[PDB]
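For reference, the chain that follows is the form deposited in one PDB entry, supplied as structure tokens.
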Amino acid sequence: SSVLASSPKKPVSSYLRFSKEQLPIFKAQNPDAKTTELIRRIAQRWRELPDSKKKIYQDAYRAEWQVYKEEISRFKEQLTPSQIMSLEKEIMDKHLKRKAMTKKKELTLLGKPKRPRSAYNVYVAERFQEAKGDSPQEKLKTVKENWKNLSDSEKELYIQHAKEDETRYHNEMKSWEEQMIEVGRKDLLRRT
């Protein structure tokens, strides 16, 4: 079992407790409205709420904070050092993974062109739907066998398509590199 999943639940904030209370009511009243608009309206209503009632609602947050402190103290007393090390390793791996997807989304959002697909990839993209077998893996194996059975004369068109794709990739890469040099993204520039 996951060590992080066995941790006690975090204390619910008063604003989020109010939002969770009012979410089904607003969902039933406005089913066709988007959730973002409903959350914004709930937050606007919370802004209309005075802070005195926020303090009265946060008194229970203080009490449940004391309860959660006692629970996490008992859980930490029940944790072995091996479990603590495993939890720390899991937290570090989760943080590294989160930074990895953050960097991947940052690189994808900037508009980096994809790698130039070969003629085999072009044939797979063109003829995947017209392949025998219900399973996608069977379709992929059938298309790969068909590509192996193809002759060079039929492959010449796919080689030309791959050449045009490589030229388009080179043009987009040059434009992308010029735009990053305009903003000085020297780390994103290719060494070769």
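Between two forms, the rigid core is the largest collection of C-alphas that superpose within 1.5 Å. Residue numbers here begin at 1 and follow the sequence given.
Although not depicted, the form deposited in another entry is the subject of the following passage.
Student: Does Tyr169 move its CA by 2 angstroms or more between the shown form and the other one when the core is aligned?
Tutor: Superposed on the core, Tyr169 moves its C-alpha less than 2 Å between the shown form and the other one.
Student: Superposing on the rigid core, do we see a C-alpha displacement of 2 Å or more at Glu138 between the shown form and the other one?
Tutor: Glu138: C-alpha displaced by less than 2 Å between the shown form and the other one.
Student: Rigid core aligned, does the Cα position of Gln160 differ by 2 Å or more between the shown form and the other one?
Tutor: Shift of 2 Å or more: no.
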